[PDB]
Amino acid sequence: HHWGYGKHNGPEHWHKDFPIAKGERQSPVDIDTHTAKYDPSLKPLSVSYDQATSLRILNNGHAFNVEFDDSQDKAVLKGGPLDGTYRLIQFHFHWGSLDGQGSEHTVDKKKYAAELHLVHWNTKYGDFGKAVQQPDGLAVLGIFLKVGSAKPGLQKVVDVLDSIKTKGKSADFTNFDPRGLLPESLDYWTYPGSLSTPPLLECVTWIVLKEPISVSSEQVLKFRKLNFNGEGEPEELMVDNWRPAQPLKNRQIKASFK
Ligand SMILES: NS(=O)(=O)c1nc2ccccc2s1
Ligand SMILES: NS(=O)(=O)c1nc2ccccc2s1
Ligand SMILES: [Zn+2]
């Protein structure tokens, strides 16, 4: 936790302890919609969350994670650009201090108010720790949030945040259905990238949905009441916990749709 999103330890400093920060396959990136190629060989995504088992929600000092039982194939992502089966381990968000920033990926330089990451690991590697050491180890499904009407399926998340205000706090979070966080369309862009927080490993197939979900101002305002700090420490609101776009370098972004 020496790294963060503060005035002295933010993304521009990370390279000093994680030199891969200046690597060839870093995330997020700007998605230039005119340069992205429609790839008719890409398949529809298969999101199979009917048997998902959420367990717990944790403030880890950089975001909050809703954690799942990933001890068997009960919530998996397949298809799309992927070979094999990827198990859902957690989701979290990145968001801003105001609605005009917060997303990690951008679309023709447009920033959204927030971005949801549903993180999955390739079961061929047996565990998450092994998966992050492989170029096809993870699949992260990214979903933009814009501010408008409330997202009904987000409210259960919103309402527990008071109970995990500070770093290291957790709470039971069973029976949550992550299907309630999806947009209508599963059209997507995809490219090879990285984890966007340390250790920044280049192990991710990114799948970024084109259609944002709408959340209310009141919902995102509650994200912004969380704290980066621990209990009793000087209050530092958990806002602007997003990494900016990184150089695309020698990478092709592909679109699943015309
Ligand atoms: N972002 S980092 O290289 O991990 C980092 N920045 C800082 C600033 C002050 C003290 C420790 C660290 S560690
Ligand atoms: N923000 S993200 O690329 O989805 C992500 N980064 C990290 C870093 C360490 C462990 C898990 C994840 S998931
Ligand atoms: Zn993330």
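Here the Cβ is made from the backbone with ideal geometry for all residues, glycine too, and neighbour counts use every protein chain on show. No lab work stands behind these numbers, since they all come straight from the coordinates.
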* Structure fact -> Selection over region 67-92 where residues are in contact with a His (Cβ under 9 Å, 6 or more places away or on another chain), more than 16 Å from ligand 3 (Cβ to nearest atom) and over 14 Å from residue 47 (Cα atoms) yields a count of 1
* To do: Return yes when residue 70 is out of contact with any helix residue (DSSP H, G or I) (no Cβ under 6 Å at 6 or more places or on another chain), in a loop (DSSP other than H, G, I, E, B), of a type in the set (D, E, K, R) and surrounded by 19 or more Cβ atoms within 10 Å (Cβ to Cβ) and no when it is not.
  => yes
* **Subset of region 102-127 that is surrounded by fewer than 18 Cβ atoms within 10 Å (Cβ to Cβ) and either within 16 Å of ligand 1 (Cβ to nearest atom) or in contact (Cβ under 8 Å) with a residue 40 or more places away in the chain (or both) - its residue that is farthest from residue 215 (Cα to Cα)** => 124
* Asked: What is the one condition in (1) within 16 Å of ligand 3 (Cβ to nearest atom); (2) within 14 Å of residue 115 (Cβ to Cβ); (3) acidic (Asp, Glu) that residue 202 does not satisfy?
  -> (2)
* Keeping to region 1-24, report how many residues are within 16 Å of ligand 3 (Cβ to nearest atom) and in contact (Cβ under 8 Å) with a residue 60 or more places away in the chain. => 7
* Of the residues 196, 185, 214, which is among the hydroxyl-bearing types (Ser, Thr, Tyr), in contact with a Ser or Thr (Cβ under 9 Å, 6 or more places away or on another chain) and either under 30 Å from residue 249 (Cα atoms) or in a helix (DSSP H, G or I) (or both)? -> 196
* Asked: Can you tell me which residues in region 1-30 are among the hydrophobic types (A, V, I, L, M, F, W, C) and outside any loop (DSSP other than H, G, I, E, B)?
  -> 14, 20, 21
* Considering only region 80-101, how many residues are touching a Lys or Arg at 6+ places or on another chain (Cβ under 8 Å), crowded, with 16+ Cβ neighbours inside 10 Å and polar (S, T, N, Q)? -> 2
* Filtered residues of region 151-174 (kept if out of contact with any helix residue (DSSP H, G or I) (no Cβ under 6 Å at 6 or more places or on another chain) and either loosely packed, with under 15 Cβ neighbours inside 10 Å or charged (D, E, K, R) (or both)) -> 151, 152, 156, 159, 162, 163, 165, 167, 168, 169, 172, 174
* Could you tell me whether any residue of region 231-238 is out of contact with any helix residue (DSSP H, G or I) (no Cβ under 9 Å at 6 or more places or on another chain), charged (D, E, K, R) and at positive phi? => no
* Taking the residues in region 43-67 that are in a strand (DSSP E or B) and of a type in the set (S, T, N, Q) as candidates, determine which candidate is surrounded by the fewest Cβ atoms within 10 Å (Cβ to Cβ). => 46
* Yes or no: residue 29 under 24 Å from residue 252 (Cβ atoms), in contact with a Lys or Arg (Cβ under 9 Å, 6 or more places away or on another chain) and within 16 Å of ligand 3 (Cβ to nearest atom)? -> yes
